[PDB]
């Protein structure tokens, strides 16, 4: 427990600690660290004159004390090299010699403190020395593992030396697959446990009922952000994206779903459901059947269709698969999709802010810049270096790193039945640079598809796979509004709606002279003029924005309703936009204002599901409205949210019904991960700081409020990114009992970190937005919706615990943290007793 200095400093009556007070030491939970400073009784002012300590005369403990005589020697050699004392001390040095060396070092340290009138240089120098000792750096945290940040440490549930960090929970890996602690026997598509607990930074223990209640509190805050912050009911987020589903306790999915039902009534009818359409980012193939059984309170991605698009269209030519998966490899087999309501709702995409963007930057970095890059922990310089290669590759016909056939992918996504398409910002605008400043070469094609989707895309779907010539094509037909089956004759609006997409994925595609591609348009489209919407050209894609813009290319269906194409129409191409073939055709003569979308019904839902993949849901479009690699704004007019408010008419014109905004939390700046480098909003210290204490990357809190209001002014719903997995860069240190683990929480054998003291950054200020809003709504929520707090959650068997409000985050609310490079012995012991110092 408890004086420190004795037979290692021959100055001890002057250098010993001022008093036996805690305020004399820079401690962490009354423990001492290698970097701790303290107030001695006297300071050898200017290295000359012993003076009494001036209450603000703190000095490094390593100036006067050392854990071992080996460490004293290392310190002496290091500080000699730092202070211009050309004299090292070798393995045989005696204690007397080291003490006199340390006294000389102290004298010249105090001389330099007076000379520079600052002690910063000495903070830096002592830190740098400390990081040379294997017990105080990564060497004792090794071996590294496939954790994204090389390793993690799990806080012990019962630590006698740190009882304030104890917990009865920290139940790990309770993914949807593994929510009960055993693999769910219902779901067999993913043989694994369907995720893992430790992803990034400080891992929130979402098995803690108090933390669960605080996650509900935060969810309520986001869904009432307008009301709460700006006292404006038109500035609320309408929906959520559930982040990192496979790395958090799946109880949150019930908590969120219950809330959406209790507070917004999404289970009552489709109008309520589609007004708060919320999504998961859940990567396991079990998560979609799990979510369907849970009640379709949210929708997951169609990962199968995403993979089908990626490998059939986007991959390099020699790595490209056959085309038939595009029809059959997706939640919905689109061979003949004639259902009024699909079995399972989903959203579909080809790229996201992370998926197939930062992966490509990593590919580029590992291939031409830094082959040792760890996960996605890029440096800004690596990113800007990789972006020149990336941007040059985007424009090439032969691409080594970037996607082929973007427009073909979007032609399928934006005409497919039975899924909500999600358009990625970085496929219409550049992934880097200022928001909406520079269009991609595919902007025109994608915009044309969005507007044509509003005007033409409705009805049943038919997909066909035809072997022609040396290769293959696929056709995708939508029959038109009101025609679910090919035999439906339709009315006047059916006649002028529907669409045909013809695609190939092989630039060598050549049809035989005798080859015919017979595309059945449906019984509403006999003897009808059709005109192109999109056509592949030698250099790219020609888009047609009107019936007159295509006057000369009209063709006709026969009396059986079939368009027929020959080698004269279809062949392979190879240009920056197409590797294969794209043709999109629409019927001639749709009124300029034709709109085949349908609004959600208010009729009562009766199947026990909240979200239904019907024509009303199919009429929606999701827009992921940000890029990880957006440039930082240079002026207020370039702020993301300001631009969004100014350009909301464009999103209305594209049919965007759901704007998925970037997470709006003020980013941390530690740079320990991609998110902490480009500051997208996923690395944060304050869950409630939505540009309040300082602008986020996208503007001020007021800019956010105005962007939400502008989006609502067009009937567009807005989605908040709910990120309960982790938090970064806490400002206050804490001492925990910790064990080195893999990303599943399994202890690493032979690690010196095994039920030992470790210094984390895991306490928030207590003076931030969390301190203001934390738990502030739990009384309102329990009053309105008592059944939310009556539910016995699956992973824990007990309800949420709102009896405690989290005003300051602390290690007891976290599973653990990524390894911090502080070592296994950062907390100082008395060498004789082998006991940790506690003041």
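Residue numbers count along the first chain shown, from 1.
Compared with other entries of the same protein, residue 6 falls in the group left without coordinates by at least a third of them, where both flanks are modelled.
Modelling of residue 53 is missing from a third or more of the other compared entries in which both of its neighbours are modelled. In this entry, residue 2 and residue 3 are separated by 1 to 3 residues of the deposited sequence that lack coordinates. Averaged over their C-alpha atoms, the temperature factors of 225 to 233 and 404 to 412 are higher for 225 to 233. Stretches 720 to 728 and 106 to 114 differ in mean C-alpha B factor, with the higher average recorded for 106 to 114. Reading the B-factor column for the CA atoms of 533, 317, 101, 210 in the entry, the top value corresponds to 101.
The PDB entry assigns its highest CA temperature factor, among 420, 550, 690, 656, to 550. Among the modelled residues of the chain, residue 706 sits in the middle third by CA temperature factor in this PDB entry. In the deposited entry, the Cα temperature factor of residue 784 sits in the bottom third of values across the chain's modelled residues. Ranked by Cα temperature factor within the chain, residue 561 sits in the middle third according to the deposited record. Annotation for residue 444: C-alpha temperature factor in the middle third relative to the rest of the modelled chain, per the entry.
In this PDB entry, residue 805 carries a Cα temperature factor that places it within the middle third of its chain's modelled residues.
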